[PDB]
Amino acid sequence: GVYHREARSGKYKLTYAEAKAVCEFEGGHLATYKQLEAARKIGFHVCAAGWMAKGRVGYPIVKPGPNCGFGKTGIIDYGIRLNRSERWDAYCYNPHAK
């Protein structure tokens with residue numbers, strides 16, 4: 001099961017190597033785009049872009065709203081930003097995540 005998580009305690013300020021570590025520390029790892037889909041089908045909408053794949057960031061906005069709904073509905077992924085030093089969250093994943 002893929003889930004969304006923030007930094008050690010802060011939000012919107014995670015990197016690639018960081019988001020990944022945070023995952024393995026919370027019982028899981030950086031999910032993938034495909035996995036994000038399967039999560040979307042159940043209603044997994046989080047404006048907090050989660051670091052996944054080689055370093056792709058995105059946030060599936062199903063429920064529009066201030067500081068969230070960008071107008072459109074669906075996974076908001078602009079693709080790699082040529083820099084995994086961005087400030088986002090992390091879409092962990094773990095069939096147990098215990």
# chains A, B, ... in the order shown; residues from 1 in each chain; ligands from 1
>>> select_by_dssp(residues="chain A", states="strand (DSSP E or B)", output="JSON, numbers by chain")
{"A": [2, 3, 4, 5, 14, 29, 30, 50, 51, 52, 56, 58, 59, 60, 61, 74, 75, 76, 77, 88, 89, 90, 91, 92, 93]}
>>> write_last_selection(atoms="C-alpha atoms", output="PDB file, in the first residue's frame")
ATOM      1  CA  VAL A   2       1.367   3.367  -1.101  1.00  0.00           C
ATOM      2  CA  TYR A   3       0.985   6.293   1.296  1.00  0.00           C
ATOM      3  CA  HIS A   4       2.062   9.926   1.592  1.00  0.00           C
ATOM      4  CA  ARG A   5       4.494  11.225   4.210  1.00  0.00           C
ATOM      5  CA  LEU A  14      11.968  16.788   1.196  1.00  0.00           C
ATOM      6  CA  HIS A  29      10.008   2.930   0.098  1.00  0.00           C
ATOM      7  CA  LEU A  30       9.423   5.503  -2.640  1.00  0.00           C
ATOM      8  CA  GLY A  50       5.338  12.442  -3.253  1.00  0.00           C
ATOM      9  CA  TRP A  51       8.866  11.601  -4.386  1.00  0.00           C
ATOM     10  CA  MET A  52       8.750   8.401  -6.439  1.00  0.00           C
ATOM     11  CA  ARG A  56       9.513  11.917 -10.268  1.00  0.00           C
ATOM     12  CA  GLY A  58       3.507  14.615  -8.481  1.00  0.00           C
ATOM     13  CA  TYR A  59       0.276  15.174  -6.573  1.00  0.00           C
ATOM     14  CA  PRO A  60      -3.070  13.649  -7.673  1.00  0.00           C
ATOM     15  CA  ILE A  61      -5.591  16.397  -6.955  1.00  0.00           C
ATOM     16  CA  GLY A  74      -5.780  13.961 -11.766  1.00  0.00           C
ATOM     17  CA  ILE A  75      -2.148  13.189 -10.981  1.00  0.00           C
ATOM     18  CA  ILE A  76      -0.250  16.472 -11.177  1.00  0.00           C
ATOM     19  CA  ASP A  77       3.179  15.390 -12.407  1.00  0.00           C
ATOM     20  CA  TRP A  88       8.060  17.919  -1.775  1.00  0.00           C
ATOM     21  CA  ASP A  89       6.757  14.955   0.221  1.00  0.00           C
ATOM     22  CA  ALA A  90       7.088  11.201  -0.297  1.00  0.00           C
ATOM     23  CA  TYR A  91       4.665   8.567  -1.580  1.00  0.00           C
ATOM     24  CA  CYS A  92       5.939   5.593   0.414  1.00  0.00           C
ATOM     25  CA  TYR A  93       4.783   2.041  -0.288  1.00  0.00           C
TER      26      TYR A  93
END
>>> residues_around(residues="residue A:7", least_positions_apart="4", cutoff="10 Å", atoms="only C-alpha atoms", output="list in words")
residues 11, 12, 13, 14, 15, 18, 19, 21, 22, 23, 87, 88, 89 and 90 of chain A
>>> select_by_dssp(residues="chain A", states="alpha helix (DSSP H)", output="ChimeraX atom specification")
/A:16-25,33-40
>>> write_last_selection(atoms="N, CA, C and O atoms", output="compact mmCIF listing (two decimals), in the first residue's frame")
# COMPACT_ATOMS: atom_id res chain seq x y z
N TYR A 16 15.16 13.82 -2.79
CA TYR A 16 15.05 12.47 -3.32
C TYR A 16 15.65 11.46 -2.34
O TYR A 16 14.98 10.52 -1.92
N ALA A 17 16.91 11.68 -1.99
CA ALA A 17 17.61 10.80 -1.06
C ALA A 17 16.96 10.85 0.32
O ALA A 17 17.00 9.88 1.07
N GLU A 18 16.37 12.00 0.64
CA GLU A 18 15.72 12.18 1.93
C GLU A 18 14.39 11.44 1.96
O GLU A 18 14.16 10.57 2.80
N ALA A 19 13.51 11.79 1.03
CA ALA A 19 12.20 11.16 0.93
C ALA A 19 12.32 9.64 0.94
O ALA A 19 11.51 8.95 1.56
N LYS A 20 13.34 9.13 0.25
CA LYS A 20 13.58 7.70 0.18
C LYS A 20 13.89 7.14 1.56
O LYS A 20 13.30 6.15 1.99
N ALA A 21 14.84 7.77 2.25
CA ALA A 21 15.24 7.33 3.58
C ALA A 21 14.05 7.37 4.53
O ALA A 21 13.82 6.42 5.29
N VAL A 22 13.30 8.46 4.49
CA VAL A 22 12.14 8.63 5.33
C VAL A 22 11.18 7.45 5.16
O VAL A 22 10.54 7.00 6.11
N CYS A 23 11.09 6.96 3.93
CA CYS A 23 10.22 5.84 3.60
C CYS A 23 10.70 4.58 4.30
O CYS A 23 9.97 3.97 5.08
N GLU A 24 11.94 4.20 4.01
CA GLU A 24 12.54 3.00 4.59
C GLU A 24 12.53 3.07 6.12
O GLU A 24 12.61 2.05 6.80
N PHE A 25 12.44 4.29 6.65
CA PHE A 25 12.43 4.49 8.09
C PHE A 25 11.02 4.33 8.65
O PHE A 25 10.83 4.01 9.83
N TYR A 33 4.87 5.63 -10.12
CA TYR A 33 3.73 6.25 -10.79
C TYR A 33 2.57 5.26 -10.90
O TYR A 33 1.45 5.55 -10.49
N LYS A 34 2.87 4.09 -11.46
CA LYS A 34 1.86 3.05 -11.63
C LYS A 34 1.17 2.76 -10.30
O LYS A 34 -0.06 2.70 -10.24
N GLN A 35 1.96 2.59 -9.25
CA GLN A 35 1.42 2.32 -7.93
C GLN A 35 0.52 3.46 -7.48
O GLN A 35 -0.50 3.24 -6.81
N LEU A 36 0.89 4.68 -7.85
CA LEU A 36 0.10 5.85 -7.50
C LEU A 36 -1.28 5.78 -8.13
O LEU A 36 -2.26 6.24 -7.55
N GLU A 37 -1.34 5.18 -9.31
CA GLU A 37 -2.60 5.02 -10.02
C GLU A 37 -3.54 4.12 -9.24
O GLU A 37 -4.65 4.50 -8.89
N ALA A 38 -3.07 2.91 -8.97
CA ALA A 38 -3.84 1.93 -8.22
C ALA A 38 -4.36 2.55 -6.93
O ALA A 38 -5.42 2.19 -6.43
N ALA A 39 -3.60 3.51 -6.41
CA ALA A 39 -3.98 4.20 -5.19
C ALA A 39 -5.03 5.26 -5.48
O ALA A 39 -5.88 5.57 -4.64
N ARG A 40 -4.98 5.81 -6.69
CA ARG A 40 -5.93 6.84 -7.11
C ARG A 40 -7.32 6.24 -7.31
O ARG A 40 -8.33 6.89 -7.03
>>> atom_distance(atom1="atom CA of residue A:1", atom2="atom CA of residue A:82")
28.0 Å
